[PDB]
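> need a 3D model of the sequence below.
(one chain, ligands or ions: 3)
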Amino acid sequence: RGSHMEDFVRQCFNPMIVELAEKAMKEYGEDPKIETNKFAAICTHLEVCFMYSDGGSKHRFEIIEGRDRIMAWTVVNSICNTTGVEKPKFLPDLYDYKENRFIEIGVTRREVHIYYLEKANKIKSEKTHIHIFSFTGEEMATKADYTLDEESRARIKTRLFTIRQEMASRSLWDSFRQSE
Ligand SMILES: O=C(NCCc1ccncc1)c1[nH]c(Cc2ccccc2C(F)(F)F)nc(=O)c1O
Ligand SMILES: [Mn+2]
Ligand SMILES: [Mn+2]
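Residues are numbered from 1 along each chain as shown. Ligands and ions are numbered 1, 2, ... in the order given. This is the structure:
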C-alpha cells in the first residue's frame, strides 16, 4: 500500500532526516509504509530539533534525538555524571550546556496549552526544560524562557507553516491534523 503521504514526506524532507525517522520507527516497531502520519510527525520533529540545535552558539547544544535508544541514553548518562543533573525518567531531545538543562522539544497540531499540559504532567521531573511549537504559529516554553533568540524560532515557525501549506495543497492536511 503506497500512500501519498509517504511520497510527499520523501519529497519534502532531507534524505538523512528521512532515514533517521525510518530507523526510529522500525526500532520502535512501527512501519512508515502504513504509519504515514506518524512518519511525517517524526520527520518534522527531527528537523525542528536540528534547527533548534542550529541556533545558539557553537558548543551550546548536545543532540539526543536522532541517536538510537542505547547510544542516546549513554550520552544522557555521560552528561549527567559530568554536570550532576538528575537523570530524566524519559529520553529528552537536547541538552543546553549554557543553561545546563535538558530540553524536550514538542511539535503539536492542536492547542499548545493542551500539549504542554500533557507533556509536563507526563514528565513531572521539572528539572528538564520544555519548549512546544505548533503548526499554526504559536510557541510556549517553561518559565517563558524560550532559550534561543527570536530569529531562530521564527525560522522554525516559518518552516512548520510551510510544511502545513504543502500538506494542505496536497489535500493531506486534514488527515494529518486529525491524527494526533
Ligand atoms: O522523543 C520522542 N520519542 C522517542 C521515542 C520514539 C521516537 C521515534 N519514533 C518512535 C518513538 C517524541 N515523540 C513525539 C510524538 C509521540 C508522542 C507520544 C507517543 C509517540 C510519539 C511518536 F509519534 F513519536 F511515536 N513528540 C516529541 O516531541 C518527542 O520528543
Ligand atoms: Mn525525543
Ligand atoms: Mn520532543
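
> what parts of this structure come near ligand 1?
Neighbours of ligand 1 within the chain, by Cβ under 6 Å from any ligand atom: 24, 25, 28, 38, 41, 42, 45, 91, 93, 105, 106, 107. Heads up, the C-betas are built off the backbone N, CA and C, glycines and all.

> if we use 8 Å, what do you get?
21, 24-25, 27-28, 30, 38, 41-42, 45, 49, 65, 69, 90-93, 104-107, 119 (Cβ under 8 Å from any ligand atom).

> closest to the centroid, which residue in this structure?
residue 45 (3.1 Å; Cα atoms, centre = their mean).

> now that one. Nearest residue, chain neighbours left out?
Spatial nearest neighbour of residue 45, excluding adjacent residues (Cβ to Cβ, 6 or more residues apart in numbering): residue 107 at 5.0 Å.

> what about residue 34, how many residues nearby?
11 (other Cβ atoms under 10 Å).

> residue contacts, it?
Contact analysis of residue 34 by Cβ atoms under 8 Å, 6 or more residues apart in numbering lists 1, 3.

> could you measure from it over to ligand 2?
Computed as Cβ to the ion, to the nearest Å, the residue 34 to ligand 2 distance reads 22 Å.

> element containing the residue lying closest to residue 38 once chain neighbours are set aside?
Excluding the flanking residues, the one nearest residue 38 by Cβ to Cβ, 6+ apart is residue 30, at 6.3 Å. Assigned by DSSP states H and E, residue 30 falls within no helix or strand.
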